[PDB]
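Have a look below at one chain only, the form deposited in one PDB entry, in structure tokens format.
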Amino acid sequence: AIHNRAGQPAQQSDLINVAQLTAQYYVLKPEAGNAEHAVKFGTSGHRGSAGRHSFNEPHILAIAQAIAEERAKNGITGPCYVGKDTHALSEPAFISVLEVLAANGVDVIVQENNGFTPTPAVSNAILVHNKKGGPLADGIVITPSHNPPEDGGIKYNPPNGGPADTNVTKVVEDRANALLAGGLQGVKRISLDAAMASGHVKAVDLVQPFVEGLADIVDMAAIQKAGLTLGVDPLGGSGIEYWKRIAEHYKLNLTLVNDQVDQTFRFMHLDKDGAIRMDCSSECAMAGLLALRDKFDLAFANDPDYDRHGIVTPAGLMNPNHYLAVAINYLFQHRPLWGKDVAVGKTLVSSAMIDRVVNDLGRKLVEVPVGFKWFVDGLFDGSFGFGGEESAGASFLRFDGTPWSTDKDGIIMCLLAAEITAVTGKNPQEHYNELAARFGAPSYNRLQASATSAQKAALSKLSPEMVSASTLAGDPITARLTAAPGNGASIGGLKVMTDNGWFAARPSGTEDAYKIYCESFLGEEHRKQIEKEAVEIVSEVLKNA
């Protein structure tokens, strides 16, 4: 908690003017040659704000044109599923996308009645469509994730249902930027009315198919039989109607603690920095649900795109690493159709509790670099049963070991917590407590140290033998890694291990620093000794550039 009003309900003075911001999307423009206003279309698409000239009509027209061209180049002739979240700027962006796709003769499928669509609902729709074997579908999700009310975002999901990799995003980014530099000479656009009249835009209900299909991934019948008292704070996000339909279709005792949809997100409690941020894993942002935690056996929440999850019990808000370990431990014991050819994905900055759990089950661990992108292909072909990130986003397979969503899915992760509690009689936090009793309770932290550009660059291109330390916090170093053990890919940095702890260091993308992730199975004080030594080691390896 950094801001004096962290954890308190937002005040009127904290709120955006929604109408003014939306107007700014049309009346303000990116400054030509100003890099800060340019399309930066990356792992999570392009994000910005109309009032900062970074999320305006020109950007989205440009991006939508770029996506139409690329998808056609790539032989993608089926429909494009275009979903949006409950951010203000998703409305104007949505319209720009329809105007341009329709003008390019792209068939678009949208949620009827201008509704909202979670990121995994777009992923799921693409996968289900493409399993029918005809022209390929892909998708666009119009969301800046949990970013404050004034922000907008837009991202692309190719036919494998997952987020677009750099081979797609870089091309799209450059084309969008050249289109901007050309004054939107090369953009095909028709009016909203013409687009709707064209026949290219089809409105369907994406909710029912997703909600009904949940029985093929989570044990919905077990949940029903347990008759748990469940709560959810939809956090004004894109899956609010999804939670309603889940409770209704499956006849669950599941209560929405509020049903607000408000583009100022005024019902929110302020995050640690005082921003309105819909972070389902932040205790400050989750203060509203946390105050009701005694009312439910189990409760949860999702960020605006519904790709992440927050799990509440009467003990509080679970730490995301803790829940990942529990999800994995449970899933691989309760999925008979996930045979020996189905492994566990883990990013290398995630808790080593995962390693202990997976070793204990006699399953294969695939350690990958930072980022969900490394799980997409394995989820898609069924070789990864589960892949998650320590920031509270994950996905796992259907019962039969085929994919449900190749993007992150917050709904299945919440429902899985319910299946766990229902099947085992123990909530996921009680599960973690037992793991911690068995393996020790690790202490985990993230920090950062000042670094010059030159240092940051050098950190990315090390090799294991540049690290001459033989010991870390009183234990022999068992590994010096510059590549991920699971897929061999570069980590763009360094990880040092002992039996009792580890650290990893990577250059900060945004600041003159490098980030340090570390963890100890012996506790806080030992973790603190790792931190100290981690800086010493990293200072040593890069003081010569």
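For clarity, a rigid core is taken as the largest C-alpha set superposing within 1.5 Å between two forms. When you see a residue number, it is the position in the sequence shown, counting from 1.
Keep in mind the form deposited in another entry is missing from the figure; the text below concerns it.
- A 2 Å or larger CA shift between the shown form and the other one, after fitting on the rigid core, occurs at just one of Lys456, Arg71, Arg175, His269, namely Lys456.
- Core-aligned CA deviation for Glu31 between the shown form and the other one: less than 2 Å.
- With the core held fixed between the shown form and the other one, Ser508 has its Cα displaced by at least 2 Å.
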